[PDB]
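So basically every Cβ, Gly included, is an ideal-geometry build from the backbone, and we count neighbours across all protein chains shown. All of the numbers you see were taken from the coordinates with simple rules; none came from a lab.
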Amino acid sequence: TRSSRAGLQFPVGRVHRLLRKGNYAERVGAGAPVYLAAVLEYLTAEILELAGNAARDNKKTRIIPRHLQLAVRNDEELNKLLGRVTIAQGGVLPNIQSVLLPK
Amino acid sequence: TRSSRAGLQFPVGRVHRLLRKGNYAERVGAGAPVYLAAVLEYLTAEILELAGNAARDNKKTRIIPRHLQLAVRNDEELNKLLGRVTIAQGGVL
Amino acid sequence: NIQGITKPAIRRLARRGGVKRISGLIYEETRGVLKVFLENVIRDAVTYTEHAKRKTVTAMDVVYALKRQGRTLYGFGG
Amino acid sequence: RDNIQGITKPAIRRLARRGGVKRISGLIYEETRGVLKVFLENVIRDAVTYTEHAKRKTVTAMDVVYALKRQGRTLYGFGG
Amino acid sequence: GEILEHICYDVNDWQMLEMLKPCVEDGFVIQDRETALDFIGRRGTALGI
Amino acid sequence: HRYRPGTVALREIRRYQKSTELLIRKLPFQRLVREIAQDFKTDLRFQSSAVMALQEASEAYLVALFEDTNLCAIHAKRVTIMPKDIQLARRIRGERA
Amino acid sequence: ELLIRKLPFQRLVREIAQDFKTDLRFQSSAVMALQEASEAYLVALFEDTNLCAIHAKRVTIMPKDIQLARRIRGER
Amino acid sequence: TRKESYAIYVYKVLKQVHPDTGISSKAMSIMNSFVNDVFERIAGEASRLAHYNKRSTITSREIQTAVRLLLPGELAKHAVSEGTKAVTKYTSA
Amino acid sequence: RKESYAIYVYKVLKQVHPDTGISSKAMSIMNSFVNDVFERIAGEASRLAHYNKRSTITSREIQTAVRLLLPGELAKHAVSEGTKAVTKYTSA
DNA sequence: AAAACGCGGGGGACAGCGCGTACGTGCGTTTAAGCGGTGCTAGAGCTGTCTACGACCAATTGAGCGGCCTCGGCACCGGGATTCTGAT
DNA sequence: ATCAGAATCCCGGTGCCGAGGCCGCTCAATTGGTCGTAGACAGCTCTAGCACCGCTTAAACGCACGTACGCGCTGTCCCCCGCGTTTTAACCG
């Protein structure tokens, strides 16, 4: 299994399939799908990290779309890497304008 | 020539060649290049007509960036087609 | 019959948006803006269905109409 | 001076007048240099990445055009 | 119109043009002499360019 | 005791950032989307998942637009939001075709 | 004619690219493309900023105006 | 050397629509880049659509759907019409 | 016939936060996210190859694609481990 | 469970009026910069040879998908404690 | 400065549905080999865009002046809040 032999947890063969049937180039190199699998794996791990930490801080042991939404938006960077993305049934960060407070 | 028999001014054959060489799909239909060349010809004709009209309004026989950009931006249609596009050396409406 | 998107609904959506006060005319203008956005997404969706030859808009066709306008939706397939 | 200040106050002025500004505040100029600065960082970053991939030691107008096209503002005139 | 004049000499006698309507309807697929010779060519099929 | 104008408004704000369930009323949105697609193709067909996706992207649009409108009013020393605020938000955004 | 000023822009571009790479060697067409794109961006932004001032009942643009324009665009 | 540009064809269309007017090297470059952008966009749309329909070929109906999505409207009908005349007249010969 | 990154998201989560899980709808979001990032990276790699007159999407094309999509605080670590994977694959 | 009407009520809009910082506007300087012109030589951009690389093809099998089935866990409720809020 | 009255909040109880595990056998994976040809590499000719310097002169800088507008303050009165109450459309079997 190329996933095992490349030490990954994502499917080397599957990303190779998808690079084929997407018609992205006439040929696909041997190393490219492994690298792409690694990148996808690590992005997966990191967004899941933020989600799990959000769940723990919510005292709450389950990833739901709100938890993914906070994991995406609270990070200053992933907010705008997924800025054009809309996570389904994730609310918005609880921000309120300072002038819009009773005083 | 496919274009000459077609009565369109655009190269159907070279459009087919690029569709093959662009990794767009393994096989390309016979009518797809023809249709694409027709639409490209139509859009070019529309924009060139508008540019020539702008040049006439500006009393100039020469179609310059300001003519083309002024056409694209005055015309709401092309404006919404190329709103997030910038024409080099092109002035403001 | 545009009134289906009701005044409390626009109100609460604004409060989710952090609005503290809402002028009266916001409701009508907001329904109008909503209509425009809906036209924009339905046009691409029904175009995708006509491509598929089917009658029924699939969630995939929804997602693709939405990804056309640079507003990707997540969760409904991929 | 440092070349960020090379973009002169009259240049910022002419930009604003073209865009329709009647009056410009003295605080405008620093921040215009700032937004110009960050946009150039982005576009040059993508362009240099393109050259580095191409094993080319020379930024190319096609690279600039491709970078701008990704950032969302396609530039016509320098195509090839 | 030159074709229909070469066919039906008496223009007032509409009946010939009426019966000719399908012919000119279905023959519009060619509108040039070179194309017409070339269509006789496609049906000739003599391994020609 | 009579609540002063504004505090419950903040309360609804906080409640609706805490919550996440959809907020546009779903059957009226079904009717609206059905009659809006009717004009684009007679004898047209929707499913629940597709209508849910439309309603949910719609909710995203309107919350983002209301972010922009509120923020524009705040920049204009305004706490209310006005149609001019919405129009400005949109026409900087570029969706005003 | 172009208004962001030629040689100052080229040097600004040079030191910006210096950080991303060394012995990096631009093209004249590349510099022209960069200047034209930056010109277009800034004219668009000043148009937005003037909208913002006009809505705030002001004729002179301001810092807050340009920051409003940016944070409604989204790059900020 | 053989350069990839839509020079002669844009010239031909411009003389057809405005015989007196001419276009220079720069403005030809503007037209060439614009046509390449539109053509890349349509072809990418067609390939994406063939993919999402699990169809491994490209054709006039793919380009139908691509043009109809991309062109904003009130030239969508025109582009479809001229493309269709081209493709039926192709499939005849 | 459905095709998804189900077991792989599960395996990553059970590798890194063993006490947590991923719901069905959260999984749907995650599947869309992986498919979307894959499409963006692969499309950029294809465009890079087309620009460079390249008929192969090599690890270098994926390198440039990831470095050019993920803008800062990403594609330093991500590139380092991607190269680590490719290198020790070639070793093994 | 939510929408829709209605009433009094507070809060804030909008307009006006003043003052003063800030702005635009000359006035010419000093600055620097087209738009020529110098001499490079980095490094294209192109060709040609030959290798490892990758694309297809059987043959073999083990990861994934759908189906099926449990039971933790979340949403739910009432009831109880926490809480930020004027009001006088 | 103070405490009454709504909303928010803590815990834990019971019910239900989906998560996560297991099972089979489908399908594409994984060797193993072969062939063609795309790229790496080496090498050459030639482009072109450095670095600077003239020279003229448009443009930028600095400074000084006058006044149109930014921001603040005050005042009034339209226009919403924030309930309570009464319809109403919707709710999910």
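Below is a table of values for the structure above.
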{"read-out": "Average projection area in nm² (convex hull over Cα atoms of the stretch G:5-52, one quarter of hull surface)", "value": "3.9"}
{"read-out": "Top of B:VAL28, B:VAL39, B:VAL12 by mean-square fluctuation, Gaussian network on chain B, Cα under 10 Å", "value": "B:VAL28"}
{"read-out": "Using θ = phi - 60° and Karplus 6.51 cos²θ - 1.76 cosθ + 1.60, couplings along the stretch C:53-69 (whole Hz; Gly, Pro as x)", "value": "6, 7, 9, 9, 6, 7, 4, 4, 5, 4, 4, 7, 4, 6, 5, 5, 8"}
{"read-out": "DSSP loop trypsin sites (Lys or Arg not before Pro) with at most 15 other Cβ within 10 Å excluded, longest remaining stretch of chain I", "value": "I:3-52"}
{"read-out": "Cα centroid of the stretch D:42-80 to Cα centroid of the stretch A:13-90, whole Å", "value": "27"}
{"read-out": "Acute angle (nearest 10 degrees) that the helix B:65-74 long axis makes with the longest principal axis of chain B, alpha-carbon atoms", "value": "90"}
{"read-out": "Fluctuation leader among B:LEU40, B:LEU48, B:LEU81 - chain B, Gaussian network, Cα springs under 10 angstrom", "value": "B:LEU81"}
{"read-out": "Rounded to 10°, Cα long-axis angle of helix A:31-57 versus longest principal axis of chain A", "value": "20"}
{"read-out": "Nearest-0.05 FRET efficiency for I:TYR51 and F:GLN87, computed from C-beta distance (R0 41 Å)", "value": "0.50"}
{"read-out": "Hz values of 3J(HN,Hα) by residue in the stretch G:54-66 - Karplus curve (6.51, -1.76, 1.60), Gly and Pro given as x", "value": "4, 6, 6, 6, 9, 9, 8, 5, 9, x, 4, 4, 5"}
{"read-out": "5 angstrom amide H check on H:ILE58, placed H, neighbours 5+ away", "value": "B:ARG27, B:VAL28, B:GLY29"}
{"read-out": "Calculated P(r) of the protein assembly as shown - Cα pairs past 43 Å, %", "value": "34"}
{"read-out": "Between the stretch H:24-40 and the stretch E:14-29, the alpha-carbon center distance in angstrom", "value": "45"}
{"read-out": "Amide proton proximity set for E:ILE30, modelled H, under 5 Å, gap of 5+", "value": "none"}
{"read-out": "Förster radius 25 Å - calculated FRET efficiency between A:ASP57 and I:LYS11, Cβ distance, rounded to 0.05", "value": "0.55"}
{"read-out": "Cα-based helix-to-principal-axis angle, H:76-92 vs chain H, degrees rounded to 10", "value": "80"}
{"read-out": "Relative contact order (%) - criterion: Cα under 8 Å, at least six apart; region: the stretch H:1-92", "value": "18"}
{"read-out": "Sum of -39500 (n - 2.57) over DSSP H runs of 4+, divided by residues of chain I (222 nm, nearest 500)", "value": "-23500 deg cm²/dmol"}
{"read-out": "Inter-chain Cβ neighbour average for residues E:15-23, partner chain, 10 Å", "value": "0"}
{"read-out": "Mean projected area in nm² (Cα convex hull; one quarter of hull surface) for the stretch H:1-92", "value": "8.2"}
{"read-out": "Dipole axis of chain F (+1 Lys, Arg; -1 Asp, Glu on Cβ), positive-most option in F:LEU44, F:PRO5, F:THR80", "value": "F:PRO5"}
{"read-out": "Enclosed volume per residue, in Å³, of the convex hull spanned by Cα atoms of chain D", "value": "119"}
{"read-out": "Helix-only CD estimate at 222 nm, as mean residue ellipticity for chain D, using -39500 (n - 2.57) per DSSP H run (n ≥ 4)", "value": "-20500 deg cm²/dmol"}
{"read-out": "Most fluctuating residue given options H:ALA46, H:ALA79, H:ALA66, as computed from a GNM of chain H linking Cα atoms under 10 Å", "value": "H:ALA79"}
{"read-out": "Length-normalised contact order for the stretch I:36-84 - Cα pairs under 8 Å, 6+ apart - percent", "value": "31"}
{"read-out": "The stretch F:1-70 and the stretch G:20-76: distance between their alpha carbon centers, rounded to Å", "value": "34"}
{"read-out": "DSSP-defined beta bridges in the protein assembly as shown - what % are antiparallel, rounded to 5", "value": "5"}
{"read-out": "Virtual spin-label span in nm between A:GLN97 and F:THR42, 7 Å along Cα→Cβ", "value": "4.8"}
{"read-out": "Amide H partners (placed H, <5 Å) of F:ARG45, local residues excluded", "value": "C:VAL57"}
{"read-out": "³J(HN,Hα), Karplus 6.51/-1.76/1.60, whole Hz, each residue of the stretch G:5-20, x for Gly, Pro", "value": "9, 4, 4, x, 4, 4, 5, 4, 4, 4, 6, 5, 5, 4, 5, 6"}
{"read-out": "Translational diffusion coefficient (Stokes-Einstein; Kirkwood radius from C-alpha pairs) of chain A at 10 °C, 1.306 mPa s, in µm²/s", "value": "97"}
{"read-out": "Cα pair distances exceeding 17 angstrom across the stretch G:32-76, given as percent", "value": "33"}
{"read-out": "Relative contact order (%) - chain D, alpha-carbon pairs under 8 angstrom, separation at least six", "value": "20"}
{"read-out": "Estimated distance in nm for a label pair at C:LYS7 and I:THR90, the labels positioned 7 Å out from Cα along Cα-to-Cβ", "value": "7.0"}
{"read-out": "Within straight-line cross-link reach of G:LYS21, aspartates and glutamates at Cα separation under 20 Å, skipping those fewer than 8 residues along the same chain", "value": "D:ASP2, D:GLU41, D:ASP46, D:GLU52, D:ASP63, I:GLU61, I:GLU73"}
{"read-out": "Proximal charge balance of I:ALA92 [Cβ under 11 Å; K/R count +1, D/E count -1]", "value": "+3"}
